[PDB]
$ cat query-v6.tsv   # TSV, N, CA and C atoms
chain	number	residue	atom	x	y	z
A	1	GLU	N	5.68	12.04	-9.07
A	1	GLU	CA	6.11	10.64	-9.21
A	1	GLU	C	4.94	9.82	-8.83
A	2	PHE	N	4.69	8.82	-9.64
A	2	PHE	CA	3.68	7.88	-9.33
A	2	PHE	C	4.27	6.51	-9.33
A	3	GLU	N	3.46	5.58	-8.94
A	3	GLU	CA	3.77	4.18	-9.07
A	3	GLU	C	2.56	3.54	-9.65
A	4	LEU	N	2.75	2.73	-10.67
A	4	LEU	CA	1.66	1.93	-11.17
A	4	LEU	C	1.58	0.59	-10.47
A	5	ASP	N	0.64	0.43	-9.58
A	5	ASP	CA	0.57	-0.80	-8.80
A	5	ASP	C	-0.48	-1.72	-9.40
A	6	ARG	N	-0.22	-3.03	-9.42
A	6	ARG	CA	-1.17	-3.97	-9.96
A	6	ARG	C	-2.32	-4.29	-8.96
A	7	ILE	N	-3.56	-4.36	-9.48
A	7	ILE	CA	-4.71	-4.83	-8.68
A	7	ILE	C	-4.82	-6.27	-9.11
A	8	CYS	N	-4.62	-7.18	-8.18
A	8	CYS	CA	-4.64	-8.58	-8.50
A	8	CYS	C	-5.92	-9.24	-8.00
A	9	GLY	N	-5.91	-10.57	-7.96
A	9	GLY	CA	-7.10	-11.27	-7.51
A	9	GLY	C	-8.33	-10.94	-8.35
A	10	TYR	N	-8.18	-10.89	-9.67
A	10	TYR	CA	-9.29	-10.57	-10.61
A	10	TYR	C	-10.00	-9.24	-10.29
A	11	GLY	N	-9.24	-8.31	-9.75
A	11	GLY	CA	-9.70	-6.93	-9.47
A	11	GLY	C	-10.15	-6.75	-8.04
A	12	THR	N	-9.86	-7.71	-7.16
A	12	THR	CA	-10.30	-7.62	-5.74
A	12	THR	C	-9.17	-7.28	-4.75
A	13	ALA	N	-7.92	-7.40	-5.18
A	13	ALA	CA	-6.80	-7.42	-4.23
A	13	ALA	C	-5.66	-6.57	-4.74
A	14	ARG	N	-4.71	-6.33	-3.87
A	14	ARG	CA	-3.64	-5.47	-4.27
A	14	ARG	C	-2.32	-6.16	-4.13
A	15	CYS	N	-1.44	-5.88	-5.08
A	15	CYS	CA	-0.07	-6.40	-4.97
A	15	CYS	C	0.74	-5.58	-3.97
A	16	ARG	N	1.29	-6.25	-2.96
A	16	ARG	CA	2.18	-5.63	-1.97
A	16	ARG	C	3.46	-6.42	-1.68
A	17	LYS	N	4.46	-5.71	-1.19
A	17	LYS	CA	5.68	-6.33	-0.71
A	17	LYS	C	5.30	-7.30	0.39
A	18	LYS	N	4.42	-6.83	1.27
A	18	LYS	CA	3.98	-7.60	2.44
A	18	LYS	C	2.52	-7.23	2.68
A	19	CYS	N	1.65	-8.22	2.85
A	19	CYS	CA	0.25	-7.92	3.23
A	19	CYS	C	0.11	-7.20	4.58
A	20	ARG	N	-0.88	-6.32	4.66
A	20	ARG	CA	-1.21	-5.61	5.90
A	20	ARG	C	-1.83	-6.57	6.89
A	21	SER	N	-1.75	-6.22	8.18
A	21	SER	CA	-2.29	-7.09	9.24
A	21	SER	C	-3.75	-7.52	9.03
A	22	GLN	N	-4.60	-6.65	8.48
A	22	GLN	CA	-6.00	-7.10	8.20
A	22	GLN	C	-6.26	-7.52	6.73
A	23	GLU	N	-5.25	-8.10	6.10
A	23	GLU	CA	-5.38	-8.66	4.76
A	23	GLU	C	-4.94	-10.09	4.80
A	24	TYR	N	-5.41	-10.88	3.84
A	24	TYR	CA	-4.96	-12.25	3.64
A	24	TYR	C	-4.13	-12.32	2.36
A	25	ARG	N	-3.13	-13.17	2.33
A	25	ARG	CA	-2.43	-13.46	1.10
A	25	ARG	C	-3.33	-14.39	0.28
A	26	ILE	N	-3.49	-14.07	-0.98
A	26	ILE	CA	-4.24	-14.94	-1.84
A	26	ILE	C	-3.44	-15.27	-3.06
A	27	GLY	N	-2.11	-15.15	-2.97
A	27	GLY	CA	-1.25	-15.51	-4.10
A	27	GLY	C	-0.06	-14.60	-4.25
A	28	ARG	N	0.55	-14.66	-5.42
A	28	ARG	CA	1.69	-13.87	-5.78
A	28	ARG	C	1.40	-13.09	-7.04
A	29	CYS	N	1.88	-11.87	-7.09
A	29	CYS	CA	1.90	-11.13	-8.35
A	29	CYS	C	3.15	-11.48	-9.20
A	30	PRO	N	3.09	-11.24	-10.52
A	30	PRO	CA	4.15	-11.67	-11.46
A	30	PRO	C	5.47	-10.96	-11.17
A	31	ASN	N	5.38	-9.79	-10.57
A	31	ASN	CA	6.55	-9.07	-10.13
A	31	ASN	C	7.15	-9.65	-8.85
A	32	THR	N	6.51	-10.64	-8.22
A	32	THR	CA	7.06	-11.28	-6.99
A	32	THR	C	6.27	-11.03	-5.69
A	33	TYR	N	5.58	-9.90	-5.67
A	33	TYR	CA	4.87	-9.42	-4.52
A	33	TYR	C	3.71	-10.34	-4.11
A	34	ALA	N	3.25	-10.15	-2.88
A	34	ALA	CA	2.10	-10.88	-2.37
A	34	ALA	C	0.84	-10.23	-2.94
A	35	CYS	N	-0.19	-11.02	-3.22
A	35	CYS	CA	-1.48	-10.48	-3.62
A	35	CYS	C	-2.33	-10.46	-2.37
A	36	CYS	N	-2.85	-9.30	-1.99
A	36	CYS	CA	-3.38	-9.16	-0.63
A	36	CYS	C	-4.81	-8.73	-0.66
A	37	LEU	N	-5.68	-9.57	-0.06
A	37	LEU	CA	-7.14	-9.30	-0.05
A	37	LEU	C	-7.59	-8.80	1.30
A	38	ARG	N	-8.32	-7.69	1.31
A	38	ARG	CA	-8.82	-7.11	2.54
A	38	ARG	C	-9.83	-8.00	3.24
A	39	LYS	N	-9.72	-8.11	4.55
A	39	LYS	CA	-10.84	-8.61	5.33
A	39	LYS	C	-11.88	-7.51	5.38
A	40	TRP	N	-13.15	-7.86	5.54
A	40	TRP	CA	-14.16	-6.86	5.88
A	40	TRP	C	-13.58	-5.96	7.00
A	41	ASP	N	-12.79	-6.57	7.91
A	41	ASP	CA	-12.22	-5.92	9.11
A	41	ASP	C	-11.15	-4.86	8.88
A	42	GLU	N	-10.38	-5.01	7.79
A	42	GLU	CA	-9.45	-3.94	7.38
A	42	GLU	C	-10.22	-2.66	7.08
A	43	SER	N	-11.29	-2.85	6.30
A	43	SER	CA	-12.33	-1.87	5.97
A	43	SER	C	-13.01	-2.27	4.66
B	1	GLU	N	-5.71	-4.54	-14.37
B	1	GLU	CA	-6.14	-3.32	-13.66
B	1	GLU	C	-4.96	-2.87	-12.89
B	2	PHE	N	-4.71	-1.59	-12.96
B	2	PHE	CA	-3.70	-1.00	-12.17
B	2	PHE	C	-4.29	0.12	-11.37
B	3	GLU	N	-3.47	0.64	-10.52
B	3	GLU	CA	-3.79	1.86	-9.80
B	3	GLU	C	-2.58	2.72	-9.91
B	4	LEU	N	-2.77	3.97	-10.27
B	4	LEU	CA	-1.68	4.91	-10.21
B	4	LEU	C	-1.60	5.60	-8.87
B	5	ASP	N	-0.65	5.21	-8.05
B	5	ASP	CA	-0.58	5.76	-6.70
B	5	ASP	C	0.47	6.86	-6.65
B	6	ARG	N	0.21	7.93	-5.91
B	6	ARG	CA	1.16	9.02	-5.81
B	6	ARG	C	2.30	8.70	-4.81
B	7	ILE	N	3.54	9.06	-5.19
B	7	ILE	CA	4.69	8.97	-4.27
B	7	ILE	C	4.81	10.40	-3.79
B	8	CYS	N	4.61	10.60	-2.50
B	8	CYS	CA	4.63	11.92	-1.95
B	8	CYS	C	5.91	12.17	-1.16
B	9	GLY	N	5.90	13.23	-0.35
B	9	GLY	CA	7.09	13.54	0.42
B	9	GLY	C	8.33	13.76	-0.46
B	10	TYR	N	8.17	14.48	-1.57
B	10	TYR	CA	9.27	14.77	-2.52
B	10	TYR	C	9.99	13.50	-3.03
B	11	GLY	N	9.22	12.43	-3.14
B	11	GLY	CA	9.68	11.15	-3.70
B	11	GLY	C	10.14	10.17	-2.65
B	12	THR	N	9.85	10.44	-1.37
B	12	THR	CA	10.29	9.54	-0.27
B	12	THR	C	9.17	8.68	0.34
B	13	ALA	N	7.92	9.04	0.07
B	13	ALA	CA	6.79	8.50	0.85
B	13	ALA	C	5.66	8.11	-0.05
B	14	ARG	N	4.70	7.40	0.51
B	14	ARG	CA	3.64	6.93	-0.31
B	14	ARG	C	2.32	7.41	0.20
B	15	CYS	N	1.43	7.74	-0.73
B	15	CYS	CA	0.06	8.10	-0.33
B	15	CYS	C	-0.75	6.85	0.00
B	16	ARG	N	-1.29	6.81	1.22
B	16	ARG	CA	-2.18	5.72	1.67
B	16	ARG	C	-3.45	6.20	2.36
B	17	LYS	N	-4.45	5.33	2.35
B	17	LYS	CA	-5.68	5.56	3.11
B	17	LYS	C	-5.29	5.71	4.56
B	18	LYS	N	-4.41	4.82	5.01
B	18	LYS	CA	-3.97	4.77	6.40
B	18	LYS	C	-2.51	4.33	6.39
B	19	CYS	N	-1.64	5.04	7.09
B	19	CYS	CA	-0.24	4.57	7.23
B	19	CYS	C	-0.10	3.21	7.91
B	20	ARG	N	0.89	2.44	7.46
B	20	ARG	CA	1.22	1.15	8.06
B	20	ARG	C	1.84	1.35	9.42
B	21	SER	N	1.77	0.32	10.27
B	21	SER	CA	2.31	0.41	11.64
B	21	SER	C	3.77	0.88	11.71
B	22	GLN	N	4.62	0.50	10.75
B	22	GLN	CA	6.02	1.03	10.79
B	22	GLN	C	6.28	2.22	9.83
B	23	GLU	N	5.27	3.06	9.66
B	23	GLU	CA	5.39	4.29	8.89
B	23	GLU	C	4.95	5.44	9.76
B	24	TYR	N	5.43	6.63	9.43
B	24	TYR	CA	4.97	7.86	10.06
B	24	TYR	C	4.14	8.66	9.06
B	25	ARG	N	3.14	9.37	9.54
B	25	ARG	CA	2.44	10.32	8.70
B	25	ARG	C	3.34	11.56	8.58
B	26	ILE	N	3.49	12.03	7.36
B	26	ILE	CA	4.24	13.24	7.16
B	26	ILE	C	3.44	14.22	6.36
B	27	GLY	N	2.11	14.06	6.37
B	27	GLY	CA	1.26	15.01	5.66
B	27	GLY	C	0.06	14.35	5.02
B	28	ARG	N	-0.55	15.08	4.10
B	28	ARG	CA	-1.69	14.65	3.35
B	28	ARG	C	-1.40	14.74	1.87
B	29	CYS	N	-1.89	13.78	1.12
B	29	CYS	CA	-1.91	13.91	-0.33
B	29	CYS	C	-3.16	14.68	-0.82
B	30	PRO	N	-3.10	15.26	-2.04
B	30	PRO	CA	-4.16	16.15	-2.55
B	30	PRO	C	-5.48	15.41	-2.72
B	31	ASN	N	-5.39	14.10	-2.92
B	31	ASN	CA	-6.56	13.26	-2.97
B	31	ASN	C	-7.16	12.99	-1.59
B	32	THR	N	-6.51	13.44	-0.51
B	32	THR	CA	-7.06	13.24	0.87
B	32	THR	C	-6.27	12.29	1.78
B	33	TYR	N	-5.58	11.36	1.14
B	33	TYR	CA	-4.87	10.29	1.79
B	33	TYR	C	-3.71	10.81	2.66
B	34	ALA	N	-3.25	9.93	3.55
B	34	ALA	CA	-2.10	10.23	4.39
B	34	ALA	C	-0.84	10.03	3.55
B	35	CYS	N	0.19	10.84	3.78
B	35	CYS	CA	1.48	10.64	3.14
B	35	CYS	C	2.33	9.90	4.13
B	36	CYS	N	2.85	8.72	3.77
B	36	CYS	CA	3.38	7.83	4.80
B	36	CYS	C	4.82	7.49	4.52
B	37	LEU	N	5.68	7.83	5.50
B	37	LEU	CA	7.14	7.60	5.35
B	37	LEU	C	7.59	6.41	6.16
B	38	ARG	N	8.33	5.50	5.52
B	38	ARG	CA	8.83	4.32	6.18
B	38	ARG	C	9.84	4.65	7.26
B	39	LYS	N	9.74	3.96	8.40
B	39	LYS	CA	10.86	3.92	9.32
B	39	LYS	C	11.90	3.00	8.72
B	40	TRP	N	13.16	3.19	9.05
B	40	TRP	CA	14.17	2.18	8.75
B	40	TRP	C	13.60	0.80	9.14
B	41	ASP	N	12.81	0.77	10.23
B	41	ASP	CA	12.24	-0.46	10.83
B	41	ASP	C	11.17	-1.18	10.03
B	42	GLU	N	10.40	-0.44	9.23
B	42	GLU	CA	9.46	-1.07	8.28
B	42	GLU	C	10.23	-1.93	7.29
B	43	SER	N	11.30	-1.33	6.76
B	43	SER	CA	12.34	-1.94	5.92
B	43	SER	C	13.02	-0.85	5.09
$ encode --input "query-v6.tsv" --output "structure tokens"
Amino acid sequence: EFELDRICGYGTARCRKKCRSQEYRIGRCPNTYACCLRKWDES
Amino acid sequence: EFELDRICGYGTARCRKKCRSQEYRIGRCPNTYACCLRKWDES
């Protein structure tokens, strides 16, 4: 089983239900989810 | 751009670089990643 997850933010960010503690929200994905961009600090 | 992510743990868990704070590690995915199972508490 896989999941096809969208990479949002013009290929920089990931669509999530909820952003991780070391990510910033930078918008919404069309499916509803948050678009989440890593801080350098996340890794 | 998408990413095809593996659902591990016999369809219960997700492969991640690092498990989220309200997930438990329940193994490794073949690509190297942690297999991460949600607590009821994650959601």
$ residues_around --input "query-v6.tsv" --residues "residue B:17" --least-positions-apart "6" --cutoff "7 Å" --atoms "only N, CA and C atoms" --output "PyMOL selection string"
chain B and resi 32-34
$ residues_around --input "query-v6.tsv" --residues "residue A:14" --least-positions-apart "3" --cutoff "7 Å" --atoms "only N, CA and C atoms" --output "list in words"
residues 6, 7, 8, 9, 11, 34, 35, 36, 37 and 38 of chain A
$ write_last_selection --input "query-v6.tsv" --atoms "N, CA and C atoms" --output "PDB file, keeping the file's coordinate frame"
ATOM      1  N   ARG A   6      -0.220  -3.030  -9.420  1.00  0.00           N
ATOM      2  CA  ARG A   6      -1.170  -3.970  -9.960  1.00  0.00           C
ATOM      3  C   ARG A   6      -2.320  -4.290  -8.960  1.00  0.00           C
ATOM      4  N   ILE A   7      -3.560  -4.360  -9.480  1.00  0.00           N
ATOM      5  CA  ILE A   7      -4.710  -4.830  -8.680  1.00  0.00           C
ATOM      6  C   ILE A   7      -4.820  -6.270  -9.110  1.00  0.00           C
ATOM      7  N   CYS A   8      -4.620  -7.180  -8.180  1.00  0.00           N
ATOM      8  CA  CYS A   8      -4.640  -8.580  -8.500  1.00  0.00           C
ATOM      9  C   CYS A   8      -5.920  -9.240  -8.000  1.00  0.00           C
ATOM     10  N   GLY A   9      -5.910 -10.570  -7.960  1.00  0.00           N
ATOM     11  CA  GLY A   9      -7.100 -11.270  -7.510  1.00  0.00           C
ATOM     12  C   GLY A   9      -8.330 -10.940  -8.350  1.00  0.00           C
ATOM     13  N   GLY A  11      -9.240  -8.310  -9.750  1.00  0.00           N
ATOM     14  CA  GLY A  11      -9.700  -6.930  -9.470  1.00  0.00           C
ATOM     15  C   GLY A  11     -10.150  -6.750  -8.040  1.00  0.00           C
ATOM     16  N   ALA A  34       3.250 -10.150  -2.880  1.00  0.00           N
ATOM     17  CA  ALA A  34       2.100 -10.880  -2.370  1.00  0.00           C
ATOM     18  C   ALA A  34       0.840 -10.230  -2.940  1.00  0.00           C
ATOM     19  N   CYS A  35      -0.190 -11.020  -3.220  1.00  0.00           N
ATOM     20  CA  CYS A  35      -1.480 -10.480  -3.620  1.00  0.00           C
ATOM     21  C   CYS A  35      -2.330 -10.460  -2.370  1.00  0.00           C
ATOM     22  N   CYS A  36      -2.850  -9.300  -1.990  1.00  0.00           N
ATOM     23  CA  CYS A  36      -3.380  -9.160  -0.630  1.00  0.00           C
ATOM     24  C   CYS A  36      -4.810  -8.730  -0.660  1.00  0.00           C
ATOM     25  N   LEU A  37      -5.680  -9.570  -0.060  1.00  0.00           N
ATOM     26  CA  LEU A  37      -7.140  -9.300  -0.050  1.00  0.00           C
ATOM     27  C   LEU A  37      -7.590  -8.800   1.300  1.00  0.00           C
ATOM     28  N   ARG A  38      -8.320  -7.690   1.310  1.00  0.00           N
ATOM     29  CA  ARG A  38      -8.820  -7.110   2.540  1.00  0.00           C
ATOM     30  C   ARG A  38      -9.830  -8.000   3.240  1.00  0.00           C
TER      31      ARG A  38
END
$ closest_atom_pairs --input "query-v6.tsv" --of "chain B" --to "chain A" --cutoff "6 Å" --atoms "only C-alpha atoms" --output "tab-separated table"
residue	atom	partner	partner_atom	distance
B:1	CA	A:7	CA	5.4
B:2	CA	A:6	CA	4.5
B:3	CA	A:5	CA	5.2
B:4	CA	A:4	CA	4.6
B:5	CA	A:3	CA	5.2
B:6	CA	A:2	CA	4.5
B:7	CA	A:2	CA	5.3
$ select_by_dssp --input "query-v6.tsv" --residues "chain A" --states "strand (DSSP E or B)" --output "MDAnalysis selection string"
chainID A and resid 2:8 13:16 23:28 34:38
$ atom_distance --input "query-v6.tsv" --atom1 "atom CA of residue B:31" --atom2 "atom C of residue A:24"
26.2 Å
$ atom_distance --input "query-v6.tsv" --atom1 "atom CA of residue A:25" --atom2 "atom CA of residue B:27"
29.1 Å
$ residues_near_point --input "query-v6.tsv" --point "(-12.3, -10.2, 6.0)" --cutoff "5 Å" --atoms "only N, CA and C atoms" --output "PyMOL selection string"
chain A and resi 38-41
$ build_atoms --input "query-v6.tsv" --residues "stretch 5-28 of chain B" --atoms "N, CA, C and O atoms" --output "CSV table (one decimal), in the coordinates of the input"
chain,number,residue,atom,x,y,z
B,5,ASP,N,-0.6,5.2,-8.0
B,5,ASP,CA,-0.6,5.8,-6.7
B,5,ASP,C,0.5,6.9,-6.6
B,5,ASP,O,1.5,6.7,-7.3
B,6,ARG,N,0.2,7.9,-5.9
B,6,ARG,CA,1.2,9.0,-5.8
B,6,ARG,C,2.3,8.7,-4.8
B,6,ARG,O,2.1,8.2,-3.7
B,7,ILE,N,3.5,9.1,-5.2
B,7,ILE,CA,4.7,9.0,-4.3
B,7,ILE,C,4.8,10.4,-3.8
B,7,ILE,O,4.9,11.3,-4.6
B,8,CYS,N,4.6,10.6,-2.5
B,8,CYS,CA,4.6,11.9,-2.0
B,8,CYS,C,5.9,12.2,-1.2
B,8,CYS,O,6.9,11.4,-1.3
B,9,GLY,N,5.9,13.2,-0.4
B,9,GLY,CA,7.1,13.5,0.4
B,9,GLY,C,8.3,13.8,-0.5
B,9,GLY,O,9.4,13.3,-0.1
B,10,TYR,N,8.2,14.5,-1.6
B,10,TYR,CA,9.3,14.8,-2.5
B,10,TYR,C,10.0,13.5,-3.0
B,10,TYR,O,11.2,13.5,-3.2
B,11,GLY,N,9.2,12.4,-3.1
B,11,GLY,CA,9.7,11.2,-3.7
B,11,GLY,C,10.1,10.2,-2.6
B,11,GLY,O,10.7,9.1,-3.0
B,12,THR,N,9.8,10.4,-1.4
B,12,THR,CA,10.3,9.5,-0.3
B,12,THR,C,9.2,8.7,0.3
B,12,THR,O,9.4,7.7,1.1
B,13,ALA,N,7.9,9.0,0.1
B,13,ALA,CA,6.8,8.5,0.8
B,13,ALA,C,5.7,8.1,0.0
B,13,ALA,O,5.7,8.4,-1.2
B,14,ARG,N,4.7,7.4,0.5
B,14,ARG,CA,3.6,6.9,-0.3
B,14,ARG,C,2.3,7.4,0.2
B,14,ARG,O,2.1,7.5,1.4
B,15,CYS,N,1.4,7.7,-0.7
B,15,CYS,CA,0.1,8.1,-0.3
B,15,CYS,C,-0.8,6.8,0.0
B,15,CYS,O,-0.9,5.9,-0.9
B,16,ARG,N,-1.3,6.8,1.2
B,16,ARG,CA,-2.2,5.7,1.7
B,16,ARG,C,-3.4,6.2,2.4
B,16,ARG,O,-3.5,7.3,3.0
B,17,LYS,N,-4.4,5.3,2.4
B,17,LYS,CA,-5.7,5.6,3.1
B,17,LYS,C,-5.3,5.7,4.6
B,17,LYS,O,-5.7,6.6,5.3
B,18,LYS,N,-4.4,4.8,5.0
B,18,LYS,CA,-4.0,4.8,6.4
B,18,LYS,C,-2.5,4.3,6.4
B,18,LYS,O,-2.2,3.4,5.7
B,19,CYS,N,-1.6,5.0,7.1
B,19,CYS,CA,-0.2,4.6,7.2
B,19,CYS,C,-0.1,3.2,7.9
B,19,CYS,O,-0.9,2.9,8.8
B,20,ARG,N,0.9,2.4,7.5
B,20,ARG,CA,1.2,1.2,8.1
B,20,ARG,C,1.8,1.4,9.4
B,20,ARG,O,2.4,2.4,9.7
B,21,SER,N,1.8,0.3,10.3
B,21,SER,CA,2.3,0.4,11.6
B,21,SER,C,3.8,0.9,11.7
B,21,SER,O,4.1,1.6,12.6
B,22,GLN,N,4.6,0.5,10.8
B,22,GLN,CA,6.0,1.0,10.8
B,22,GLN,C,6.3,2.2,9.8
B,22,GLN,O,7.3,2.3,9.2
B,23,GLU,N,5.3,3.1,9.7
B,23,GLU,CA,5.4,4.3,8.9
B,23,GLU,C,5.0,5.4,9.8
B,23,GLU,O,4.2,5.2,10.7
B,24,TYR,N,5.4,6.6,9.4
B,24,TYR,CA,5.0,7.9,10.1
B,24,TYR,C,4.1,8.7,9.1
B,24,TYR,O,4.4,8.6,7.9
B,25,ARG,N,3.1,9.4,9.5
B,25,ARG,CA,2.4,10.3,8.7
B,25,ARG,C,3.3,11.6,8.6
B,25,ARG,O,3.8,12.1,9.6
B,26,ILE,N,3.5,12.0,7.4
B,26,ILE,CA,4.2,13.2,7.2
B,26,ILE,C,3.4,14.2,6.4
B,26,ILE,O,4.0,15.1,5.8
B,27,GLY,N,2.1,14.1,6.4
B,27,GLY,CA,1.3,15.0,5.7
B,27,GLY,C,0.1,14.4,5.0
B,27,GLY,O,-0.3,13.2,5.3
B,28,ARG,N,-0.6,15.1,4.1
B,28,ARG,CA,-1.7,14.6,3.4
B,28,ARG,C,-1.4,14.7,1.9
B,28,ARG,O,-0.8,15.7,1.4
